[PDB]
């Protein structure tokens, strides 16, 4: 075992929320239904969402920001790779990737400042 890494967990939980704030429509807040999209995966190799990422996070699956960030990226990618600008979910994902960036950029420094060494503070 190890001393334990909790602080990092909190930072993530707090960050994820910030991202949601941007999503006022809650288009990604929930996982896309297969009943309406039988070929969902057929185009998406790794389907990620705000709800899905949460579960993994609560399961201590994300130990390094990079990972916690990856999931999010997909949420937008799989959406921008499956749908087109014309659609809604598309324009909604673009905003998250743009604005959200600030959230992941502000929280990133924290996950690093935690350890007084490779990052000042």
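FYI the Cβ positions are ideal-geometry reconstructions off the backbone, even for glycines, and counts take in every protein chain you see. Computed from the coordinates by the stated procedures, all read-outs in this text should not be read as laboratory data.
Some observations on this one:
- For the range 75-96, filtering for residues that are without any contact (Cβ under 8 Å) to a residue 60 or more places away in the chain, in contact with a helix residue (DSSP H, G or I) (Cβ under 9 Å, 6 or more places away or on another chain) and either buried (at least 18 other Cβ atoms within 10 Å of the Cβ) or outside any loop (DSSP other than H, G, I, E, B) (or both) leaves 10.
- Single residue of the range 1-21 satisfying the filter (under 12 Å from the mean Cα position of the chain (by Cα) and surrounded by 16 or more Cβ atoms within 10 Å (Cβ to Cβ)) that is nearest to residue 112 (Cα to Cα): 12
- Residues of the range 30-40 satisfying the condition of being surrounded by 13 or more Cβ atoms within 10 Å (Cβ to Cβ) and either closer than 10 Å to residue 82 by Cβ or in contact with a strand residue (DSSP E or B) (Cβ under 8 Å, 6 or more places away or on another chain) (or both): 32, 37, 40
- Here the helices (runs of 4 or more DSSP H) wholly within the range 1-64 that include at least 3 residues being over 23 Å from residue 91 (Cα atoms) and in contact (Cβ under 8 Å) with a residue 60 or more places away in the chain are 7-22.
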